[PDB]
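Below you will find one chain, with nothing else, as structure tokens; this is the form solved without this ligand, and questions on how it binds or moves follow later.
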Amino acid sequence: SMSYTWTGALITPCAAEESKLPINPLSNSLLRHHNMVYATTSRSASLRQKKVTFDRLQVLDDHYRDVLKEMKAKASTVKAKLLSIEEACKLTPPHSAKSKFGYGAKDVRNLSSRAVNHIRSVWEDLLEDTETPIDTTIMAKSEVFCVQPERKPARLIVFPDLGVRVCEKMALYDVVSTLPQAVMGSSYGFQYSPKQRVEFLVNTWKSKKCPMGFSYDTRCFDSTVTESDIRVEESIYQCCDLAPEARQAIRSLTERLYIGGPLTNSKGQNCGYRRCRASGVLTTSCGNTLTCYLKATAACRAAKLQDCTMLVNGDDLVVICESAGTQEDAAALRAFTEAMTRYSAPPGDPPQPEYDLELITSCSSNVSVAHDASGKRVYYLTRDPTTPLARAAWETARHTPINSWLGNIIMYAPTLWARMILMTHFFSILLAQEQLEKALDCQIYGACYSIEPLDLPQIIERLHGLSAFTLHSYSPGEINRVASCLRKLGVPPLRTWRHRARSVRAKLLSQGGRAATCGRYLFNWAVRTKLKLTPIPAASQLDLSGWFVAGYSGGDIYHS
């Protein structure tokens, strides 16, 4: 049972690829040490291929089947509808990868006659053929990072043609948005805004007599997912009340695509064969979450960890429980790891028990504290700012499809670093370019959105509350981490940012309107004599419903 089989053909690039950060006046005003930032390229693919190609020995036991039982029962609750081809098309991102069969994402969102007739045909074929492998393309993924303390290989993206992706949406969008919540309840991480997630963690932590927690990183999770795993997911999906055609398409998608298939490079050559999770299908986030939850829940029972609560987001897992002592927590964690390893979810970083909630990193994030205007304590979500700042420098130098910095400002608005640096840097640019009013693409939980910078104040208030503009007195841990990171990257110190912010604020106020409102609210931290901020009228009435329903990483999803 090998995760991958290779022919010798290479993972080829489609364009030329940049590795180094472009020395640029703007970039440099944010980040001086440009030689610490790199982007992944095809050149490192051979290395990723070695990490990722192995034989999986999986062995299931009583605990695993008792848990599956509970999950299938909860899935039986669910009713899911077939998306009409119209709806599926409008879910396609405008810059999605074009079809091999003579049309692109625009034609799809336009319901162009050629696109829709092809999609219809792909569907017909799905209904009638449940065994012929569906072709997937494989690419080296391009992401920027900062150089390691103690260098990362490109990740491998694997995805089917555009026509197939629209068919996935028709068959599975509703399922994939609705099921995980029903199946995992409050453990489903993607139903929560960053604030809600924090409330969950802190409340869970406080309900324990003596709390112990840990995160669990499994090594190359997609690599470890077996064909049996994928079949189990399918059976969970089939617990829904589904339209007969939906059943047929889902079965066909699982058998022809999800469990495996042939790998084709950009130059049309066969690279090999996959018998594990594809990173770029609609089900990869839902599927990872379910599978991770299923293995982790059973391992928790094997380990006899007591009063376990867990939170799961794709391959990311954190559990909080009652401590039974130092030496026995330690031993239980080894028992849990041995169970995951048998279930074919071996560890990357060996896991260690933590007794301070602030020290537990999950989704690269962690909970912290500050104080609002009234001195009241406020918990909020933060993370190490290294990657976000690296990517911010890159996006300052090279325009880009996805604007990570915008996603980061939204998700991490209350943070010390996103306020003083990210907000300040990017508003001064927009200001000078004069593109305040222009909408930009970012992503949130994998899904893509188009967002107007001048709407940031309403958005932030709605997601984080008014205190997000008044936080101060951050934790020692946060302050030190951030401080140490600016020194690391050659980022100008926070007193400089405060100075640039005063000026950006003044210019925004200058222009009145929504822009002055950005000035008032986003930059009040910057002035000595602070303003009383009162609730925004346009916030109390925002459609933020569909923002935190599910995860869609690699799912190719776009919202209005």
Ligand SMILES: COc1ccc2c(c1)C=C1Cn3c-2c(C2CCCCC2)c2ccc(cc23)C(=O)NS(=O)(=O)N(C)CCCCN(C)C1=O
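Numbers for residues come from their place in the sequence shown, where the first is 1.
Another form exists, deposited with this ligand bound; not displayed. Remarks below refer to it.
Three or more atoms of this ligand, overlaid from where it sits in the bound PDB entry, fall within 2.4 angstroms of backbone or C-beta atoms of the displayed form, which makes the pocket blocked. In the bound PDB entry, this ligand stays beyond 4.5 Å of every heavy atom belonging to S215. At the 4.5 Å threshold, heavy atoms of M36 reach this ligand in the bound PDB entry. Residue contact with this ligand in the bound PDB entry: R256 places no heavy atom within 4.5 Å of it. Though the partner is left out of this view, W497 does reach within 4.5 Å of this ligand in the bound PDB entry, counting heavy atoms only.
With the partner omitted here, the residue from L282, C271, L389, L179 that has a non-hydrogen atom within 4.5 angstroms of this ligand in the bound PDB entry is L389.
For the residues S187, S99, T396, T297, the 4.5 Å heavy atom test against this ligand in the bound PDB entry is passed only by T396. Segments offered: 511-519, 26-34, 66-74, 531-539. Contacting this ligand in the bound PDB entry at heavy atom distances within 4.5 Å is 26-34. Residues from 489-508 that approach this ligand in the bound PDB entry with a non-hydrogen atom closer than or equal to 4.5 Å are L489, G490, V491, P492, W497, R500, in the order they occur in the chain.
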